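Taking the form deposited in one PDB entry, here's one chain by itself in structure tokens.
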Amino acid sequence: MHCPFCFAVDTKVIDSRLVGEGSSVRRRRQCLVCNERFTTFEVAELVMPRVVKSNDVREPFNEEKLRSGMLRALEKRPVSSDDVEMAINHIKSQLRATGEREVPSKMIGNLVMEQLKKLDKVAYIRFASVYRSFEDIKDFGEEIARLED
């Protein structure tokens, strides 16, 4: 990298330690031209926040996982492929607007529930049956009554 003082396009690396407790790499660099030393930090930049799953396992944001769940609930429903992509881009925008490096998968689920509530109410019931995990048939009718309010 460019020397921050003289501006030689290349500096030699002097040291490499894991100072951010694994999260970051600290390096020392020396300029060949002006013989000056400087510290650098190498940090990871995520395109989308990492997802914290129900079992506290961290995994990368998977657009396909998000899409498939919606498409399953929107089977035989009058929602175009554009409406789905339009809802996915808005959910992505909402997860970025939090500013968080990681987001609970429950948050992704609630965002999908709000898109489906606007898109199709049958698709909403289908997704809620697996998302909220209805363990009884009664649970189905109780979620329909919840939607009338």
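Residues that one form lacks are left out of the comparison. Heads up, when I say rigid core I mean the largest set of C-alphas that superpose within 1.5 Å between the two forms. Position 1 is the first residue in the sequence shown; the rest follow in order.
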request  = Look over 95 to 103 and 48 to 56 in the entry and identify the one with the greater average Cα temperature factor.
outcome  = 48 to 56
request  = Between 30 to 38 and 82 to 90, point out the one with the higher average CA B-factor as the PDB entry records it.
outcome  = 30 to 38
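Below: the form deposited in another entry, not depicted.
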request  = After superposing the two forms on their rigid core, pick out the one entry in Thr40, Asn110, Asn89, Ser68 with a CA shift of 2 Å or more between this form and the one not shown.
outcome  = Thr40
request  = Indicate closer or farther: the Cα atoms of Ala97 and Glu42, in the other entry, relative to the displayed form, with a change of 3 Å or more.
outcome  = closer
ask   = Where do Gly20 and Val57 end up in the other entry, Cα atoms closer or farther than shown, with a change of 3 Å or more?
value = farther
query = Tell me, which consecutive runs of three or more residues change place between this form and the one not shown by 2 Å or more at the CA, with the core overlaid?
reply = 1 to 46
